[PDB]
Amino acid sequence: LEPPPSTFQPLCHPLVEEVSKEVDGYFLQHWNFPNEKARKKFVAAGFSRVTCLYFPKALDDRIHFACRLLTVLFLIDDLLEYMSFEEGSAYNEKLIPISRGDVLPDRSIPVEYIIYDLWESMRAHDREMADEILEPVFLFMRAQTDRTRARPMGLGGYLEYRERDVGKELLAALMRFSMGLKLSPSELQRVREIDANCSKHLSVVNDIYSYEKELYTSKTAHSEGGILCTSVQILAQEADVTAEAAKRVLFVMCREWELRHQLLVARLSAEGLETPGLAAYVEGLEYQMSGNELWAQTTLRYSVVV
């Protein structure tokens, strides 16, 4: 697999090492890992590393929040593969009022008090910006177990669905929170088109590198929770080609989305519309795209199936 040239240069948060030890150490202590092999596989994945690649300009005292959130979402994302759609739904829905803080967690159940203490600590640091991450997360959670995964999809209908499943909206809200970057409602409405374009890039790039992992999961895990739902699968069906052939095609498509990103930003600047905050925001989106690809290229999570 040889990716076509990109002009996006990845950046990593300077405190990636010490934050990784802090966050990984927290979960290694509280999260219920089945065995030592799973604990090693968890650390080898580098969940704090990809977070620092996603938000390399996050505030030094806020990056750990983003690392914790993505880490626990990664862990749950794997757990749902062994559940049914019904079981997965009940699992996620129980965490939602706990995320809001309306329901106290069962402190004998790790996933509950980890989720609870997280959002409680995020509200203590920045209450307003933390609340604006809630619903985007819930939107992503409820999309994970939507039965539309089991029904046939075209490329467009899939990309429209994956925008929720890849958590584009939560990642955007997390980025703002981590950077302290507040944007007016009108400002967010201007980059709505740029957000939708960024989502397709994050989704497909992930689909390309994580296909072999998700292929194996669909054959060994739960037939519903581990169902093969990816652009690589769908494009291979539509065009009747191998999955490897679909990857090469989807990669060219990703570069076109990068090209569109630059065009949409340029138009935003041509018109007197790119505010200083919007300038920082769209740069952050590029860091997400380039950071996602860098990590996906190198992370053990996608390279060792075992």
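Heads up: residue numbers just count along the shown sequence, starting at 1.
> Quick one: higher average CA temperature factor, 115-123 or 219-227?
Per the PDB record, 115-123.
> Which is higher in the entry, the mean Cα B factor of 183-191 or that of 199-207?
Of 183-191 and 199-207, the stretch with the higher C-alpha B-factor average is 183-191.
> In terms of CA temperature factor as recorded, identify the highest of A90, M83, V72, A150.
In the PDB entry, the greatest C-alpha B-factor among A90, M83, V72, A150 is found at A150.
> Which is it among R267, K247, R68, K41: the one with the largest CA B-factor in the entry?
Among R267, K247, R68, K41, the highest C-alpha B-factor in the entry belongs to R267.
> For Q262, does the deposited CA B-factor place it in the lowest, middle or highest third of the chain?
Its C-alpha B-factor belongs to the highest third of this chain's values.
> In terms of the chain's CA B-factor thirds, is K37 lowest, middle or highest?
Lowest third, going by the recorded CA B-factors of the chain.
> Relative to the other modelled residues in the chain, which third contains the C-alpha temperature factor of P105: lowest, middle or highest?
Highest third, going by the recorded CA B-factors of the chain.
> Grab the CA temperature factor for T275 from the record and place it in the lowest, middle or highest third of its chain.
For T275, whose C-alpha B-factor we compare with every modelled residue in the chain, the answer is the highest third.
> With respect to C-alpha B-factor, does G284 fall in the lowest, middle or highest third of the chain as deposited?
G284: CA B-factor falls in the middle third of its chain.
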